[PDB]
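Quick note: the coordinates plus some simple rules give every number you see, no bench work behind them. No Cβ is skipped: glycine too gets one built from the backbone with ideal geometry, and neighbour counts run over all protein chains shown.
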Amino acid sequence: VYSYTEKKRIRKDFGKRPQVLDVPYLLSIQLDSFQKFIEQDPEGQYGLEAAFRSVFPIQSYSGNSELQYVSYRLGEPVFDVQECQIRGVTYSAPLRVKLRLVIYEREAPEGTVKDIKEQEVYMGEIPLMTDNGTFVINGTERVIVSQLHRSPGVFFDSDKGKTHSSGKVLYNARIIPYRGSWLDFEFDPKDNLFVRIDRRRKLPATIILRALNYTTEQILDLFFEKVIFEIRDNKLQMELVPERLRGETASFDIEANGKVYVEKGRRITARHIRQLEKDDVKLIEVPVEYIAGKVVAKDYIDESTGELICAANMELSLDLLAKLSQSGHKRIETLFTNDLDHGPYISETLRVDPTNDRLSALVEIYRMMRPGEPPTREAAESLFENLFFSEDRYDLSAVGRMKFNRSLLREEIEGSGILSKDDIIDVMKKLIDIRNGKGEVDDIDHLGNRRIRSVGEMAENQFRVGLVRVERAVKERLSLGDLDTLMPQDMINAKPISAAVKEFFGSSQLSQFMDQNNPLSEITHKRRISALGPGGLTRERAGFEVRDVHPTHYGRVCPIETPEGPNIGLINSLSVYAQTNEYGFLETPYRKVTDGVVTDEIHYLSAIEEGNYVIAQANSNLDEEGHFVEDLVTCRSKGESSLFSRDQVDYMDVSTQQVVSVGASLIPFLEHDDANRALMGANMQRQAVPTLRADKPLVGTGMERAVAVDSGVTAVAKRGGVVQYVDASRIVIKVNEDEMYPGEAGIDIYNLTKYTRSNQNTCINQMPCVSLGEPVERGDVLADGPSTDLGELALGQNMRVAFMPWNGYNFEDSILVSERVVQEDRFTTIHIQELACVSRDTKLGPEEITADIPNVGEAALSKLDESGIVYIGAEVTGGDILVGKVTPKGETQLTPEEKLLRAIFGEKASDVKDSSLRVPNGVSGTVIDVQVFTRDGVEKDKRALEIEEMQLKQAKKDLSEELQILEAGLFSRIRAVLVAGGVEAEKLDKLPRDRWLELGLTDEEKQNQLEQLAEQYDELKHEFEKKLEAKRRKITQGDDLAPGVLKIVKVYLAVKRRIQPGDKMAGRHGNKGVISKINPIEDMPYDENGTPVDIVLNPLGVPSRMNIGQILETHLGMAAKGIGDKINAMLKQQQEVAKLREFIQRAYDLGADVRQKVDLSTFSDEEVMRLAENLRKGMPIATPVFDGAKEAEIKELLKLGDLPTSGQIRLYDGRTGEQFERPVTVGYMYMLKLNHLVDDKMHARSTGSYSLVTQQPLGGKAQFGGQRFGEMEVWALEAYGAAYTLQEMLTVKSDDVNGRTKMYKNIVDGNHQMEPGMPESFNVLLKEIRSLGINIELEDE
Amino acid sequence: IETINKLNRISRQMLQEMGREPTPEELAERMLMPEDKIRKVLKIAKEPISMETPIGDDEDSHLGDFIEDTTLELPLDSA
Amino acid sequence: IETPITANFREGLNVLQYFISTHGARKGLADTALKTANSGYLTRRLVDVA
RNA sequence: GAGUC
């Protein structure tokens, strides 16, 4: 029960559990976010829509003219994908927006009856996303990475110890907006509440509320709980609630109702408290002492004179009590500060707070922000309000609001951007809470506390910035000029829009060169997630906490995919099935468990939601699609793990692989590999290079099919049907009549991309997979990318590896390889490098492109064309000239000697310099294609014309045959409708084609569809004639490059780079190595059978590195080839189809608890023999990550391969013929050659270009530079007594010009004498000291 | 200076009217002078660039670490 | 952590157990980046005295 | 961006 591609290559799944729901299209994140940016949805406030409504409608100063926004339109892209690649253009669509100018009258009230002007203006070109999910940035493929940051809202942070000898507890709530300055509230050492405003410094929280016009009285009212203190006669009575005595030492005889309650001294315990609570107490009998020490709530004015006896927040005292009762204010209202629950926090605060009213509050605000600027009323107010309450300046976004409201335990999900005043108060409440112990602290690193930015929200923000600057300009020009005759189009500027865009896309560090080493690198790299960037974490700002592994990463980020070194912990890969919710929180899918029974229902939960419920692992065993195996089962909840019974089971994992990222999912026996090496493994895969030959990975996870498919470097079938034409360049497919649209013809076209240059110098080669006239369905793999076999990821190739020591050639993970690898051309890398030539003009005169060069042989002349151009297909090496260039020289002032000599040989030589572009040495290969970019101004070269003529021919042929094949399919489709109600085959066909439009038959629904494809035919004409005329002009149009530049030549070089000693290779398990020697076939040990090995790894590389998976791969790998060899023999032996039938089926179904229940027998003989030959080259088996094949099932296969159960065989040493005293481990393993080429990494310098200021050699192989000798290295020489080597390094090898030059020629004169000088860096140094104004001079002896 | 003023202010006009970048020919016509002087002024327009501009995406190179000095001949040359 | 790893590499650990190990793994590797800086600077101090 | 310890 499987499709045609799968029928062709079925891999045997060992996976003991069924993945329920499908592996979601991985690169969906990018598209979905970006698509949101443009989403035409009126209500949905996002992207365009969001930004527009935030600013608009834009009203003028005078209140009579206004600018209104209607709606937007995206044009069809000015420049196509491929074309932009060619010319170095950014791929983009026009944005045009409908805007209306309305003018009210001044005099008539607001009579919009005067003037209404409207139009669609051009607002620039907006970079478009590809079908792949990539972006076209000045002719190179870039990807925008997802960005994690701390989400807007509230962070409740505690400093456990953190700071102090004392070791005091410091609580801080952090206010993080989308857009605006930041707010920090923290506890002083003596428990007093301070604010950091825009983390500037620390001042009293209370002052803010003063600015918000709260008197000290209102402050303490809202915060602290008032207590009614009645004074009658000479007795003082409080209105006491029982649970305020909570653990209160009795200071008096506490007479309530009847008899003595509380001991004079004995503490109130809970029983006492509950007893008096029961009594229902209103007023007790306190003595003289209790009120002295507390504080008064309101501002109690003296009725008698009118003057204040007590202000708010004064310490309570003896005489004041007498005077207030004398005023006849017999309802005083004391405060409650008995530590514990409600402590003296705000009270102490207010005393240290020097500020008084609204007025002095805003003074201090203003002062701290700009110390020394005089207090103008307007400035202070405006500052305060603009800081937190300005809408365009301060925006929390939906995000900030949601998380904020969930921090304080509110109810509304959405809100307005600006901070409502009640919010502020309530949080300070929660701070005071935590200080007492009502609630506890939220963690920085919680996945609910971190939010991710996709594409659209990034876009959103940067678009808003262009808008801001444009707003200054817009509102400015709206008031000066005349209102009537001037129109909207003259108003509007484009510059700053396009500026903002190019800054985001071009300048951003989150926007980078796609990793195109392999499909894996690309696909993985696109879903990588960075903690850095704007609004995000720095290197020094990062301690252990954030970089280390947070439990919430489970099923969301793969824990084991991050670069080694300093960026570790910062950048991580999204796990497989994980996706982002609306809010930009990561969600993971789970299966519902209804009362013990495991349903089919899938629920995505955020981190926050995850914290609540109780979920079983994927590995727990499933009872017959109902309940569980075990009565006590294994699960996790609220961030911890252990045992629970069936009934308590709420949810469950869909599959094991949901914890793992994509790259890691591909490594097979991950279960047996230590994470140290596991991590390394994933990274290695990313650095692997496609060879030419794709050999299907024999030991896969099944995941290789999905990886291929999603990378999108292959061709997939849109419709399915039958293949009409197959070319190694074009695949044309005729659709199933079922699926076919009655709109256009049923003809789907796939032009394949062949042999272009990737960013890393890699080759990009598509191979068609199916054959001609073959059947395919929707979503069939039609053509493969480079590192892909029939459906599957083919990172590389599989070879016979043997674990054992060789004569120290495999020492410390060094690799012994056979000559057979070269012989079979496996791991031969394809490289495509771009070389360039650049012709400008100076004051020195026009540089130009010619074949004429001073003092060169006809050797170079012969390989050049008319204009000085390489011929197509030329084989070229280091030192060879590719493109000729000449540059005007200045005056030739020669030494007298050279003057005479010129005269003597008599070759004057014109005032010109050889500027020609040459092949760099060491590299050499094949010039495959050449492109030229002429200037618009200067006239074209003959080379120029002939190549642009080629473009014409090619354009023509391509589009001509496009039309021709489309036409034939459409006419053939009309033939299917005329053949229904009108049998005529002899005189229709033999008669002309287009005289089938004079066709006037039955007038029912037969005649209508003819016109359907007839009008479509007229559009085939008008579209084509346009699509031609457009692409003719662009070819012929003068190509616009940088100022000063006449002409450019791009030269695409092919490098056939063979694997060699010093090249880098590895397997999936982290284990790697350099090739140390190529041994001839003879030297490698071999079987009794006679087959010798391919590669030899040293065993000692495994144990201490802790990666056993490679071993299991080896064993399973030989077994797979055992199957392949069984098949190979029975294939070569023909025999009977049914016999083959038997063997093969029993092979699949062998695995003890095999899930993948392979249906064979029904298979038609054709399908059978075909598949046979595929698995001829080894069977493809599937161990899923964790859900993998046990040792048992593996040994079982070894028996079926007729091999040793340990996978060891007695081998003969190919040198001696002596047998190895122990049987050794062999088998087939999947290997890869890394991007690291000794070819490029080779470098050495004698003498070359030097640095300008310091006069030392420049850096790197790039400049032909000298290597840097660092402090440590110097120190080496120091330890030995070695003065002369040191001094060499110091002088003749570096900054002494006289010294180095003199010593060079003395060396050439067989002297080898040193003769030291003086470091030029030293003189440099001296003069800089003088320039900074300090006198330093060299003392004579 | 004033000729430069003309340049950039008419740049905006022409970019929007024509659709894209202003090629020298059309610009030449619209500003009332000969093509020669257009290209001249174009290249003269550019200001000096920072010597210590961090071209190293990582503060590996201040562009001074690119600079080669043609003045000083090689020891090879001296030979 | 209270719950340990009962199985071994050869038999293969499970989902749950493997995740545990990343903590130690990552912690160790992260240690390399930032700790060798401390050692290095130390070394340079010592060298500059002696 | 990746290699080395």
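Rounded to two decimals, what ratio of Rg to Rh does region A:773-826 give with C-alpha atoms and a Kirkwood Rh?
1.23
Any idea how far apart A:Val716 and A:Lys953 come out in nm if each label point goes 7 Å out from Cα toward Cβ?
Between A:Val716 and A:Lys953, the simple spin-label model gives 3.8 nm.
Treating the beta-carbon of each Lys and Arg as +1 and of each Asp and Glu as -1, no other charges, what is the dipole magnitude of chain A about its Cα centre, to the nearest 20 debye?
2000 debye
Which residues in region A:736-759 place their backbone N less than 18 Å from a point set 7 Å from the Cα of A:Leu1001 along the Cα-to-Cβ direction?
A:737, A:742-743, A:745-746
Exactly which GluC sites (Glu not before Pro) in region A:582-618 are in a DSSP loop and have at most 16 other Cβ atoms within 10 Å?
A:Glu582
How large is the convex hull of the C-alpha atoms of region A:1256-1341 per residue, in Å³?
160 Å³
Report, ordered by chain and residue number, the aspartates and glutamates lying within cross-link reach of A:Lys114, taken as a straight Cα distance under 12 Å and ignoring same-chain residues fewer than 8 apart.
A:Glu105, A:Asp484
Full-extension gain between A:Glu739 and A:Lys1199, please, as 0.36 nm times their residue separation minus the C-alpha to C-alpha distance.
Stretched fully, the A:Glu739-A:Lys1199 segment lengthens by 160.8 nm.
Using only C-alpha atoms and all pairs of different ones, pull out the Kirkwood radius for region A:678-764 in Å with one decimal.
Across region A:678-764, the inverse of the average 1/r is 16.2 Å.
How about region A:447-551: which trypsin sites (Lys or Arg not before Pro) there are in a DSSP loop, with at most 14 other Cβ atoms within 10 Å of their Cβ?
Taking region A:447-551 and a limit of 14 other Cβ atoms within 10 Å, the loop trypsin sites (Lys or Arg not before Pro) found are A:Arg539, A:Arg541.
Taking A:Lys1233 as the anchor, which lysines have their alpha carbon closer than 21 Å to its alpha carbon, excluding any fewer than eight residues away along the same chain?
Counting by Cα, and skipping residues close in sequence, A:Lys1233 has these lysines nearby: A:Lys696, A:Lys1056, A:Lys1064, A:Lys1072, A:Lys1077, A:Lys1241.
Can you list the residues, at least 5 places off or on another chain, whose amide H is less than 5 Å from the amide H of A:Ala173, using H built in the peptide plane?
A:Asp157, A:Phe185
Just grab the label-to-label distance for A:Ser645 and A:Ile301, each label 7 Å out from Cα along the Cβ direction, in nm (one decimal).
7.1 nm
Let's test the formula: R0 of 60 Å, r as the Cβ-Cβ distance of A:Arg199 and A:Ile1307. What FRET efficiency results, to the nearest 0.05?
0.45
List the pair-distance distribution P(r) of region A:225-342, using every Cα-Cα distance, as the percent of pairs falling in each 5 Å bin from 0 up to the bin containing the longest distance, rounded to whole percents.
2, 10, 20, 23, 19, 12, 8, 4, 1, 0
Taking Cα atoms of region A:496-573, Rg/Rh with Kirkwood Rh, to two decimals?
Result for region A:496-573 is an Rg/Rh of 1.02.
What net charge is computed for the residues neighbouring A:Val821, neighbours being all others with C-beta under 11 Å from the C-beta of A:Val821, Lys and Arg scored +1, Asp and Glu -1?
Summing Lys/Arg as +1 and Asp/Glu as -1 gives 0.
Using 0.36 nm times the number of residues separating A:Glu1019 and A:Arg331, minus their current alpha carbon distance, what extension gain do you get?
238.5 nm
For region A:994-1059, what Kirkwood radius comes out of the mean inverse Cα-Cα distance, in Å?
Averaging 1/r across every pair of different Cα atoms and inverting gives 17.5 Å.
What FRET efficiency would be calculated for the residue pair A:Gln1208, C:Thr36, taking the C-beta separation as r and a Förster radius of 41 Å, to the nearest 0.05?
The value I calculate is 0.50.
Beyond 26 Å between alpha-carbons counts as too far, so tell me which of A:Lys908/A:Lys940; A:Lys226/A:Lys282; A:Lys12/A:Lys592 fall in that bin.
Pairs exceeding 26 Å: A:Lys908/A:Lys940; A:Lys12/A:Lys592.
Contour minus end-to-end for A:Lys98 and A:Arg367, with contour as 0.36 nm per residue of separation and end-to-end as the Cα-Cα distance?
Here the answer is 92.2 nm.
Mind putting together the pair-distance distribution for region A:406-483? All Cα pairs, 10 Å bins, whole percent per bin, short to long.
P(r) for region A:406-483, in whole percents per bin: 12, 24, 28, 19, 11, 5, 1.
Report, largest value first, the span of the C-alpha coordinates of region A:1073-1123 along each principal axis, in whole Å.
Principal extents (largest minus smallest coordinate, Cα): 32, 32, 15 Å.
Please grab the % of Cα pairs in region A:575-655 that end up more than 15 Å from each other.
Here the tail beyond 15 Å accounts for 54 percent of pairs.
List the residues, sorted by chain then number, that are 5 or more residues from A:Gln760 or on another chain and whose placed amide H is less than 5 Å from its amide H.
Amide H neighbours of A:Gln760, under 5 Å, 5+ apart: A:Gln516.
Less than 9 Å Cβ to Cβ from A:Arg1170, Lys/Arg counted +1 and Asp/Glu -1: what total charge do the surrounding residues give?
-1
Need one word for chain A: rounded, prolate or oblate. Basis is the Cα gyration tensor (sqrt eigenvalues a ≥ b ≥ c); a/c below 1.5 gives rounded, then a/b vs b/c decides.
prolate
So if we plug the beta-carbon distance of A:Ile58 and A:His164 into 1/(1 + (r/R0)^6) with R0 = 51 Å, what FRET efficiency do we get, rounded to 0.05?
Efficiency for this residue pair is about 0.40.
May I ask you to derive the relative contact order of chain A, considering only C-alpha pairs under 8 Å and at least 6 residues apart, and to give it as an integer percent?
Reported relative contact order: 11 percent.
May I ask you to list, by number, the DSSP H helices of chain A whose Cα span along the axis is at least 20 Å and whose average Kyte-Doolittle hydropathy reaches -1.0 or more?
A:421-436, A:456-480, A:942-978, A:1109-1132
Over 21 Å between Cα atoms, which of A:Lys942/A:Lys1034; A:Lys264/A:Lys323; A:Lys1261/A:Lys1302; A:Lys885/A:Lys1050 qualify?
The pairs that break the limit, which is 21 Å between Cα atoms, are A:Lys264/A:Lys323; A:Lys1261/A:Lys1302.
How about chain C: which trypsin sites (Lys or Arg not before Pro) there are in a DSSP loop, with at most 12 other Cβ atoms within 10 Å of their Cβ?
C:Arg10
Excluding same-chain residues fewer than 8 positions from A:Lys990, which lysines have a Cα within less than 30 Å of its Cα?
A:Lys734, A:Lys956, A:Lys957, A:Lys1006, A:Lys1021
Which value in nm describes the separation of the simple spin-label points at A:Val70 and A:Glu378, placed 7 Å from the Cα toward the beta carbon?
4.0 nm
Hey, what does the equivalent ellipsoid look like for region A:939-1038, semi-axes from the Cα gyration tensor as sqrt of 5 times each eigenvalue, largest first, whole Å?
Output for region A:939-1038: semi-axes of 40, 14, 8 Å.
Could you pull the Rg and Dmax for region A:1087-1184, using just the Cα atoms, both in Å?
Calculated on Cα positions, Rg and Dmax stand at 16.6, 51 Å.
Can you list the residues, at least 5 places off or on another chain, whose amide H is less than 5 Å from the amide H of A:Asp841, using H built in the peptide plane?
Close amide H contacts, sequence-distant or interchain: A:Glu847, A:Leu1046.
Restricting things to alpha carbons, find the Rg to Rh ratio for region A:713-787 using the Kirkwood radius for Rh.
Radius of gyration relative to Kirkwood radius: 1.04.
Determine the sum of side-chain charges near A:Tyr871: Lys and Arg each +1, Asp and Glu each -1, restricted to other residues whose C-beta is under 9 angstrom from that of A:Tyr871.
Once all neighbours under 9 Å are counted, the net charge is 0.
So the label point goes 7 Å from the Cα of A:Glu285 along Cα→C-beta, right? Which residues of region A:246-265 then have their backbone N under 11 Å from it?
A:253-261
Measure of size requested: the Rg and Dmax of chain B, with Cα atoms as the atom set and Å as the unit; please supply both.
When restricted to Cα atoms, chain B yields Rg and Dmax of 20.2, 61 Å.
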